[PDB]
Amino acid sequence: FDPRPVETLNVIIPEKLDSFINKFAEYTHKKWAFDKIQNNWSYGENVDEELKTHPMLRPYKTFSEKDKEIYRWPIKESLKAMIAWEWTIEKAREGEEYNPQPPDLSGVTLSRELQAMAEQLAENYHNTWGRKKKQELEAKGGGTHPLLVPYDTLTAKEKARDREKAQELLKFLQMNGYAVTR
């Protein structure tokens, strides 16, 4: 297994997409926050597993730029991968879109083409993780990991997390009236 994640260092995301990045970042936070709250988690100055408190259990708008970046960076990385593949992301249509009530993406259907595109994004997520994992293993004294194989050899249950991340992005894009082609 020789993972080659797409280089995004010099890939520039158009300024106009800043709005979607922030919106999707907020959505991702709402999703995380919603789950935590349903599990009796509350706001606290410090992260506490026993008291189930978390300082980030608060409106995304009240976050500092560093905290917002926790959500925005992974999103920018996905977009930079898409731009690197010369995919087109154009606002075509108007979007169909402490108690966080995040939008329900359960009813969003991706075309076969967008699902196919989600596969390439998911593969890149796996190659990114793989390349980072190899560098971690060596830094820690060597070793191996069972998931260090090509994406296509992974089982369905193993592809799941990568697929859902790719689906979430493409769903929210579509829900906001963005058309994605190649």
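Note that residue numbering begins at 1 and tracks the sequence as displayed.
- Counting the unmodelled positions of the deposited sequence between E97 and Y98 gives a long gap of 10 or more residues.
- For the pair 88 to 96 and 104 to 112, the mean B factor over Cα atoms is greater in 88 to 96.
- Of the two segments examined, 136 to 144 and 56 to 64, it is 56 to 64 that shows the higher average Cα temperature factor in the deposited entry.
- Highest CA B-factor among the listed residues (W129, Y43, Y27, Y151): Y43.
- When the C-alpha B factors of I70, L51, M117, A156 are read from the deposited coordinates, the top value falls at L51.
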